[PDB]
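Just below is one structure, and these are the notes that go with it.
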Amino acid sequence: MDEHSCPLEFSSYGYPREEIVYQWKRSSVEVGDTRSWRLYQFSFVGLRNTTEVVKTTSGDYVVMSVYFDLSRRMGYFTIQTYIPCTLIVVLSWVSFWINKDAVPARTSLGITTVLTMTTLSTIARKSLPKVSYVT
Amino acid sequence: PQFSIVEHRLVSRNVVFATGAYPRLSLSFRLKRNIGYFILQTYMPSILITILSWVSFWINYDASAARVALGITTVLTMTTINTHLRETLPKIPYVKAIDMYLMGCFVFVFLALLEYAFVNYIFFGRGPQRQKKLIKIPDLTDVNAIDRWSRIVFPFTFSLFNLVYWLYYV
Amino acid sequence: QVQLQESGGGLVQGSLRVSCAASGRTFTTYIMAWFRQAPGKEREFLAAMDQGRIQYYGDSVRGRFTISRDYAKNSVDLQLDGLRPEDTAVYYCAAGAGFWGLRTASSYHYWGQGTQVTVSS
Amino acid sequence: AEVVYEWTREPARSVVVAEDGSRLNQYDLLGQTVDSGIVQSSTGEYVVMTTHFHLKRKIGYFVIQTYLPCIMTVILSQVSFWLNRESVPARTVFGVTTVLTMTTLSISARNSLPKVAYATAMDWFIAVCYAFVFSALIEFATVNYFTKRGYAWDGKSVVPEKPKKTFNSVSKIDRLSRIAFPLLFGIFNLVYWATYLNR
Amino acid sequence: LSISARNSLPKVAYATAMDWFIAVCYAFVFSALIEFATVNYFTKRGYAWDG
Ligand SMILES: *[C@@H]1O[C@H](CO)[C@@H](O[C@@H]2O[C@H](CO)[C@@H](O[C@@H]3O[C@H](CO[C@H]4O[C@H](CO)[C@@H](O)[C@H](O[C@H]5O[C@H](CO)[C@@H](O)[C@H](O)[C@@H]5O)[C@@H]4O)[C@@H](O)[C@H](O[C@H]4O[C@H](CO)[C@@H](O)[C@H](O)[C@@H]4O)[C@@H]3O)[C@H](O)[C@H]2NC(C)=O)[C@H](O)[C@H]1NC(C)=O
Ligand SMILES: CCCCCCCC/C=C/CCCCCCCC(=O)O[C@H](COC(=O)CCCCCCCCCCCCCCC)COP(=O)(O)OC[C@@H](O)CO
Ligand SMILES: CCCCCCCC(=O)OC[C@H](COP(=O)(O)O[C@@H]1[C@H](O)[C@H](O)[C@@H](OP(=O)(O)O)[C@H](OP(=O)(O)O)[C@H]1O)OC(=O)CCCCCCC
Ligand SMILES: CCCCCCCCCCCC(=O)OC[C@H](COP(=O)([O-])O)OC(=O)CCCCCCCCCCC
Ligand SMILES: CCCCCCCCCCCC(=O)OC[C@H](COP(=O)([O-])O)OC(=O)CCCCCCCCCCC
Ligand SMILES: CCCCCCCCCCCCCCCC(=O)O
Ligand SMILES: CCCCCCCCCCCCCCCC(=O)O
Ligand SMILES: CCCCCCCCCCCCCCCC
Ligand SMILES: CCCCCCCCCCCCCCCC
Ligand SMILES: CCCCCCCCCC
Ligand SMILES: CCCCCCCCCC
Ligand SMILES: CCCCCCCCCC
Ligand SMILES: CCCCCCCCCC
Ligand SMILES: CCCCCCCCCC
Ligand SMILES: CCCCCCCCCC
Ligand SMILES: CCCCCCCCCC
Ligand SMILES: CCCCCC
Ligand SMILES: CCCCCC
Ligand SMILES: CCCCCC
Ligand SMILES: CCCCCC
Ligand SMILES: [Cl-]
């Protein structure tokens, strides 16, 4: 359910603010068909341009930024992780309706559901980087 | 490591395009693929799993949990072998020789499981009705006869299939 | 359900504009086209515009009519200039993926109601 | 106004594909359409020359690797209806293993594609097959719920008539499901393929 | 294990020490299962020993 505002910054490498100054035009950032792009997991919400001054060792430089707002789409991840996990939970619920004397059946059902969860957890993380916080 | 160069050939000819005729040389190689790696990888585990699938025929009809577990495990192992094969090849739209072999092994283990399914159905469905009322194929009344017939026939049929496959592809 | 709502003038003595807005489905990623069909005539291709803002026109209407698209609003507009009394006809808005087509009506899987246009001298 | 592109020959024959050279594995090149137009940008109007190559995906690979495994999994799940209702661990093994096989197939099917955020025909087929397998498991659960006694037919005694040691009756649920499940799965296959093939 | 052993190796056409060890281990496991089948073939009674 995450949303991001990815930047694209540019400036003059050599010439400081006293030598080169950049400026956005009236309609500077144009786009064509926004949702015909290669964004499969994301949808383009909009964009906004800005300008600032960044101080470095060589000097102060005029930095020109364009932020693109992207919103993730739920379809692929809903197919991949959410539906199987809920289905395995329901499969675990099925054990409650089996006769309690069916010891191997119910034990195998429970432990197998716990296995398929370990596997689903393992594969749910594959698309992500190895971040150290809970999503 | 995987191929042996049977022969190589040199050809000289002319090729015509819209802009003119150009000289062409062709250096061609014929490569024969080595089979030992695939024997170690895919063929021999499939044969061994198909052989293990016949162990159910020596178990009594009332050991439903054991026989069903053995059949299901053999089917699962065949599926895993096929999975690990397909993950290391392109998405060609036709069946290969190894596909033919793995599909045959799957058919054999699936029929082995269906054999116990048929035996269990015959016993626990027709026995009460039958008692209330009261190589050639075996008598359908006797589950022991069906099991013995399966014991004799499944290895023989698998050997015949292997002979036909290897003679065709070698 | 997916629809294409067409609007524009019906009578002229001339310049005219025909708009076609799409709802129920995102037609941005589909090639969008304009066709003509007078009575006793087969549906003929007038104009089209692709996802990449590339415009195609028929030889009969090259340089006269102009096609434009608003992808944010999901609409295709057609400005008709130099209208003549041979031009009177029903104008259809179409959209689809151009497969074996981009100039044939069969390749477009979505169509509008159509709008009548008449020129009187 | 400065440079204009035209096709050398007529547009249809101005793009030629060599018959011997074709490196498509999972596609068939039906043909090519050739056209030209203009593009309007901030800098000006530019002539663009376009060639659309029409490609049709080949279904054989996916039929071999996804559809047949799913169909065999559904058939294997439906096989459990023919076992006696007292084979609780065996039928539970059938249901659970078929459910996990369908889950693994669903996971592995999407690996071929890019991670698009909408369902495909293969996804719908996998969903229906999972529904069939899980419904078979629910059917076994109902049969076990209505099962009375925990021992099967001995082999020699004579089931008296419902209308000494009693024995469980063959489940009406099993008897109905044996014909209902394959028939419904076949109807679903008919409708699905008739819907998606001639398109 | 046998399938996954040679993942990070060239597809050589001969058996290695790894292959021989895995083959012998698989033979041991297979013979254990066959031994259980042989034992079960001679089991007369379907009930275990009550305490
Ligand atoms: C791997 O797979 C590839 C793909 O199939 C194989 O490629 C082909 O190999 C064959 C032979 O191995 C090639 O055919 C040969 O061409 C030579 C040279 O032809 C040139 O020069 C001639 C003299 O100047 C000229 O006449 C030829 O022109 C046409 O002429 C012939 C005769 O009229 C006509 O039939 C052809 O259509 C030619 O196009 C050509 O410009 C030729 O000398 C070879 O001939 C043998 O047989 C003839 C029988 O009449 C005999 O007279 C000759 O003396 C000679 O014994 C042969 O035709 C073919 O061109 C290759 N194709 C491609 C696309 O490269 C490859 O061989 C395989 N190799 C391996 C190792 O697997
Ligand atoms: C681990 C796995 C083990 C499984 C192994 C089990 C063993 C038994 C299976 C053998 C499969 C044989 C493979 C056959 C090849 C696969 C089929 C195939 O691709 O052939 C094409 C027809 O396809 C097609 O109609 C596409 C549709 C085919 C779908 C067939 C499924 C039928 C399902 C019916 C429901 C039954 C329900 C019963 C329940 C009781 C021929 O066309 P054409 O050359 O022009 O190419 C055009 C282009 O699309 C590429 O083909
Ligand atoms: C998702 C949840 C859905 C819940 C569905 C709930 C479905 C439901 O409520 O089942 C009811 C029952 C099931 O049948 P069922 O085979 O279990 O019938 C009982 C069973 O045979 C016992 O073995 C009998 O005792 P015994 O062997 O002689 O000792 C007992 O006889 P008695 O005690 O009467 O003398 C029988 O009643 O009747 C139907 O057949 C309709 C099945 C329609 C199934 C339609 C399937 C398409
Ligand atoms: C797409 C096509 C759908 C077609 C719909 C029908 C599905 C097949 C169900 C057939 C049911 C049937 O006819 O049973 C025949 C007999 C038992 O019934 P009866 O006619 O003797 O009273 O039983 C027999 O003679 C053989 C029973 C074998 C049972 C053991 C093998 C289990 C196979 C499972 C297949 C899913
Ligand atoms: C989530 C899964 C639930 C399954 C419940 C049983 C019904 C299965 C079909 C309807 C459910 C479904 O997911 O259909 C998938 C596709 C249609 O997808 P879409 O084209 O609507 O996006 O299906 C097709 O392409 C064709 C469907 C054929 C329906 C008619 C025959 C049904 C036979 C009996 C089934 C019990
Ligand atoms: C989480 C759901 C898992 C599926 C569990 C299915 C259980 C099926 C058993 C239904 C028993 C219904 C008993 C009521 C009988 C009656 O009508 O009087
Ligand atoms: C392919 C492997 C199948 C498993 C075969 C297991 C055979 C176990 C039974 C051994 C029988 C010993 C010889 C006959 C004994 C007897 O009939 O008295
Ligand atoms: C080269 C012909 C195209 C493939 C046609 C379908 C092949 C089906 C093979 C299935 C064989 C499995 C049974 C083996 C014998 C029991
Ligand atoms: C180049 C020669 C390759 C030969 C590979 C043959 C491998 C299979 C040999 C053993 C098959 C026996 C099956 C017996 C089933 C009971
Ligand atoms: C491994 C083959 C064993 C053959 C045993 C002979 C039949 C014994 C039936 C009692
Ligand atoms: C039991 C026969 C197994 C298959 C033998 C195939 C030999 C092919 C020629 C070497
Ligand atoms: C053309 C592929 C031949 C594969 C051999 C199948 C033999 C089946 C024998 C029952
Ligand atoms: C539309 C969501 C479909 C989820 C997969 C099918 C689950 C079937 C459970 C009976
Ligand atoms: C039992 C009904 C199965 C229907 C399969 C139809 C497949 C058609 C492929 C052309
Ligand atoms: C797993 C491939 C190697 C198998 C070695 C021989 C197995 C003998 C089983 C009795
Ligand atoms: C595949 C090897 C099977 C070995 C079975 C041994 C049984 C011997 C009974 C006399
Ligand atoms: C009807 C099932 C047949 C299985 C082969 C013995
Ligand atoms: C593979 C062993 C066959 C035994 C037949 C009695
Ligand atoms: C898709 C489930 C079918 C159930 C028929 C009783
Ligand atoms: C919805 C599945 C029902 C199974 C038979 C009662
Ligand atoms: Cl390709």
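In what follows, chains carry the letters A, B, and so on, assigned in the order in which the sequence lines appear, proteins first and then strands, with residues in each chain numbered from 1. What you see below is based on every heavy atom in this structure, not just the backbone, and it leaves out hydrogens, waters and symmetry mates.
Within a 6.0 Å sphere centred on OH of D:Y151, heavy atoms belonging to other residues, nucleotides or ligands number more than 12. By the neighbour-count criterion of 12 heavy atoms within 6.0 Å, atom CZ of A:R38 is sparsely surrounded, having that number or fewer from other residues, nucleotides or ligands. Residue-environment remark: CG (E:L1) stays at or below the threshold of 12 foreign heavy atoms within 6.0 Å. Within a 6.0 Å radius of CE in A:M74, more than 12 heavy atoms belonging to other residues, nucleotides or ligands are found.
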D:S87 vs D:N84, test: side chain to side chain donor-acceptor pair (under 3.5 Å). Steps then yes/no. CA-CA 6 Å; D:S87 303; D:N84 63 317; 2.2 Å; yes
Evaluate the side chain to side chain donor-acceptor pair (under 3.5 Å) criterion for residues A:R106 and A:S95: first the C-alpha distance (whole Å), next the side-chain angles of each, then the deciding distance (0.1 Å), finally the verdict. CA-CA 6 Å; A:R106 290 189 68 167; A:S95 176; 3.2 Å; yes
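Between D:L76 atom CG and D:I71 atom CD1 the span is 13.5 Å, to the nearest 0.5 Å. Between A:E3 atom CD and A:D69 atom CG the span is 8.0 Å, to the nearest 0.5 Å. To the nearest 0.5 angstrom, E:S2 atom OG is 7.5 Å from B:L40 atom CG. Note: D:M122 CE to D:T66 OG1 = 5.5 Å, rounded to the nearest 0.5 Å.
In this structure, A:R73 contributes its side chain and A:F42 its backbone to a donor-acceptor pair below 3.5 Å. Listed for the A:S92 side chain is a donor-acceptor partner under 3.5 Å among the backbone atoms of A:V89. Side-chain N or O atoms of A:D33 include one that pairs as donor or acceptor with a backbone N or O of A:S36 at under 3.5 Å. Remark: side-chain polar atoms of A:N99 are not paired, donor with acceptor, to backbone N or O of D:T147 under 3.5 angstrom. For D:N189 (side chain) and D:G186 (main-chain N/O), no donor-acceptor pair under 3.5 Å exists by modelled atom type. The backbone N or O of A:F77 sits nowhere less than 3.5 Å from a side-chain atom of A:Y82 that would complete a donor-acceptor pair. A donor-acceptor pair is defined here as one N or O able to donate and one able to accept, closer than 3.5 Å; no such pair exists between the side chain of E:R6 and the backbone of E:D19. Proximity of a side-chain donor or acceptor of D:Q26 to a complementary backbone N or O of B:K91 within less than 3.5 Å is not detected. The backbone N or O of D:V116 lies less than 3.5 Å from no partner atom in the side chain of A:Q41, so there is not a single donor-acceptor pair. Side-chain N or O atoms of B:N34 include one that pairs as donor or acceptor with a backbone N or O of B:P1 at under 3.5 Å.
With respect to the salt-bridge test (charged N to carboxylate O, under 4.0 angstrom), the residues B:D147 and B:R67 qualify. Under a 4.0 Å N-O distance rule, the pair D:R57/D:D28 does not qualify as a salt bridge. Look at A:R72 and A:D2 and you find a salt bridge, because one of the NZ, NE, NH1 or NH2 atoms lies within 4.0 Å of a carboxylate O, short of that distance.
Remark: D:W124 pairs with no residue by the ring-ring contact (aromatic ring centres under 6.0 Å, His included) rule, at least two apart or across chains.
Using a 30° and 60° split on the angle between ring planes, D:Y67 and D:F125 fall in the perpendicular class, above 60°. Classified by interplanar angle (parallel below 30°, tilted 30° to 60°, perpendicular above 60°), the ring pair D:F134/D:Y130 is parallel.
You'll find the ring centres of D:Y196 and D:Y192 inside the 6.0 Å limit. Centroid-to-centroid, the aromatic rings of D:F181 and D:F81 come within less than 6.0 Å. A ring-centre distance under 6.0 Å is found for B:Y165 and B:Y169. Taking the ring centroids of B:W54 and B:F158, they lie under the 6.0 Å cut-off. Between B:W166 and B:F161, the gap from one ring centroid to the other reaches at least 6.0 Å.
Residue pairs meeting the side chain to side chain donor-acceptor pair (under 3.5 Å) criterion with at least one member in residues 107-129 of chain A: none, sequence neighbours excluded.
Both the sub-6.0 Å distance and the 45° axial angle are not jointly satisfied by D:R91 relative to the ring of D:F140.
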Name every donor-acceptor pair, under 3.5 Å, that has one atom in a side chain of residues 94-108 of chain B and the other anywhere in the protein, sequence neighbours excluded.
unit_1: B:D99; atom_1: OD2; unit_2: B:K96; atom_2: N; d: 3.2
unit_1: B:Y101; atom_1: OH; unit_2: B:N162; atom_2: OD1; d: 2.4
unit_1: B:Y101; atom_1: OH; unit_2: B:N162; atom_2: ND2; d: 3.3

